[PDB]
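Below is one structure, written out as structure tokens; comments come after it.
Throughout, protein chains are lettered first and strands after them, A, B, ... in sequence-line order, and every chain is numbered starting at 1. Hydrogens, waters and symmetry mates play no part in the numbers below; they use all other heavy atoms, side chains included.
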Amino acid sequence: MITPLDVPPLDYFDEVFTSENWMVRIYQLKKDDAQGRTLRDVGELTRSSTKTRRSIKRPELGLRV
Amino acid sequence: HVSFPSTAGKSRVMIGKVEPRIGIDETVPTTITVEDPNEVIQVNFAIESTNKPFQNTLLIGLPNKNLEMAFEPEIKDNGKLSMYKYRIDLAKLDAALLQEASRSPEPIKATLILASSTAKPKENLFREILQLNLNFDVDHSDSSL
Amino acid sequence: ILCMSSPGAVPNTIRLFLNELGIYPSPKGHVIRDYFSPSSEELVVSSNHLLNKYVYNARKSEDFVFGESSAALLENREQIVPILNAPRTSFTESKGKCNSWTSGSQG
């Protein structure tokens, strides 16, 4: 038995066709982001709205090259 | 209260050698250049003087290539003077600073900034301390650098 | 798009939109200070700190007035184009106890 909390979402592919009895399913690889963000973070951005988005603090990024 | 400056260099691999040999614009010049024959911490000492010990930082890296870090000091107050020791590690150093130095032979320079707003022009410190030279070949050939 | 955000006049939507682009500007209340500057009144920067000749490279030396300004941190993306960075001796001063946002060429 499968529950709607079992299947996590797809952030890098898009369903383009499903046959009438669901036997064959065709997905299409989505094009990469123009800004260079990961498709995972675009997905999280879409699936999340919070009033208190986050704290001021600072990124742990490395040295600019 | 004047400060006593020291730099604890805790290398994990072949550290290299210091070289404060070349002459540059002597602005508040260095009064002392020292070293230590120790094994794990090749500490260095440079007991100089400045005017304003508010802005205090150690920039280590390549000035011409624009890859330099910012290290805050380790202050000690004994009642005699100031004791400013900044501990530089080898391993935690940013990847680019290692890859560039490994691929292109250029001495990693150290600069010390002692300054503040109240002082008059040219009374604050911005000068070249030493030039470490890298020895070990630890440099991955496929990295984001 | 053209954006402007100085200390004390930095919005939140612009900051978030720039954070989505890999550009992290300093928040409200953080200002740039440079003591080794030819200007004691305001912030001034020479043309030595120009970083891309395909945008602007002055045929002869010059200096630009900035006053109370801010700095940003950048990621290692192909799409980011650094134009003018902060002086080497500059630093971010905060009114509060916040760790300095930037330091030297990394602003």
Side-chain angles (χ1 to χ4, degrees), chain A residues 11 32-65, chain B residues 55 57-62 65-72 88-89 91-100, chain C residues 1 3-34 49 51-52 69-107:
Chain A
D11 300 313
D32 43 9
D33 215 23
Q35 290 75 15
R37 304 173 286 163
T38 59
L39 292 180
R40 188 191 141 82
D41 276 319
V42 176
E44 304 272 348
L45 189 63
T46 292
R47 288 188 303 268
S48 172
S49 56
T50 173
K51 311 309 123 188
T52 317
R53 178 73 170 182
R54 212 212 323 270
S55 43
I56 44 160
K57 304 197 63 181
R58 249 188 80 255
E60 293 294 326
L61 46 79
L63 257 191
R64 164 80 180 177
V65 302
Chain B
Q55 166 103 319
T57 184
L58 202 291
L59 275 52
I60 183 66
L62 294 325
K65 304 262 220 132
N66 309 34
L67 298 309
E68 307 185 68
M69 315 220 76
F71 283 80
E72 60 190 21
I88 305 293
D89 100 290
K92 293 173 181 58
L93 206 68
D94 217 316
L97 245 93
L98 265 203
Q99 173 117 172
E100 192 57 58
Chain C
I1 309 178
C3 301
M4 274 155 260
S5 100
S6 52
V10 175
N12 250 306
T13 74
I14 285 302
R15 176 188 61 92
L16 286 178
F17 175 63
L18 290 176
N19 281 352
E20 298 313 298
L21 258 57
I23 310 176
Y24 301 83
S26 53
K28 285 168 299 186
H30 308 231
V31 303
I32 286 205
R33 301 244 177 281
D34 181 271
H49 314 291
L51 277 175
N52 194 3
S69 325
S70 41
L73 305 150
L74 309 186
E75 305 195 37
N76 287 320
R77 295 190 191 184
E78 178 138 280
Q79 295 96 13
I80 309 182
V81 189
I83 297 187
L84 185 98
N85 50 345
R88 193 131 67 101
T89 88
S90 177
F91 74 100
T92 289
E93 154 181 332
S94 175
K95 191 268 304 180
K97 293 179 179 179
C98 185
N99 288 337
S100 288
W101 194 268
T102 70
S103 35
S105 59
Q106 300 298 129

Is there side-chain contact between [X] and [Y], with heavy atoms separated by less than 4.5 Å?
X	Y	value
C/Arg88	B/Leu59	yes
C/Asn99	C/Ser94	no
A/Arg64	C/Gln106	yes
C/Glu20	A/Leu45	yes
A/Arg53	C/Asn12	no
C/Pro82	C/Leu74	yes
C/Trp101	C/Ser70	no
B/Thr57	C/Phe91	no

Roughly how far, to the nearest 0.5 Å, is [atom2] of [Y] from [atom1] of [X]?
X	Y	atom1	atom2	result
C/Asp34	C/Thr89	CG	OG1	3.0 Å
C/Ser100	C/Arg33	OG	CZ	11.5 Å
C/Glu75	C/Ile23	CD	CD1	9.5 Å
B/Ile88	B/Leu58	CD1	CG	5.0 Å
C/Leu21	C/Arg77	CG	CZ	6.5 Å
C/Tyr24	A/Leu61	OH	CG	6.5 Å

Least distance between heavy atoms, [X] atom then [Y] atom:
X	Y	result
A/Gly43	A/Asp11	CA-OD1, 3.8 Å
B/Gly61	B/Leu97	CA-CD2, 3.6 Å
C/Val10	C/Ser6	CG2-O, 3.0 Å
C/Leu18	C/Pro25	CD1-CG, 3.7 Å

Handout entry: Pair C/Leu73-A/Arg58, side-chain contact (heavy atoms from CB on, under 4.5 Å): steps then yes or no
Key = CA-CA 10 Å; C/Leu73 305 150; A/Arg58 249 188 80 255; 3.4 Å; yes

Is [X] atom [atom1] crowded by more than 12 heavy atoms from other residues, nucleotides or ligands, each under 6.0 Å away?
X	atom1	value
A/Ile56	CD1	no
A/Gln35	CD	yes
A/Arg47	CZ	yes
A/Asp32	CG	no

Exercise for the section: Tell me yes or no: between the side chains of C/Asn85 and C/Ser105, is some donor less than 3.5 Å from an acceptor? Expected result: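 No donor-acceptor contact under 3.5 Å links the two side chains.
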
Practice task
Could you please spell out the steps behind the side-chain contact (heavy atoms from CB on, under 4.5 Å) verdict for B/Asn66 and C/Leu51?
Solution key: CA-CA 10 Å; B/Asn66 309 34; C/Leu51 277 175; 4.1 Å; yes

Handout entry: Criterion side-chain contact (heavy atoms from CB on, under 4.5 Å) on B/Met69 and B/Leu93, from CA distance to verdict
Key = CA-CA 9 Å; B/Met69 315 220 76; B/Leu93 206 68; 3.7 Å; yes

Problem - Ionic contact status for A/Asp41 with A/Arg37, cut-off 4.0 Å - result: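 Looking at A/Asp41 together with A/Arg37, the answer is no, because their closest N to O distance does not fall below 4.0 Å.
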
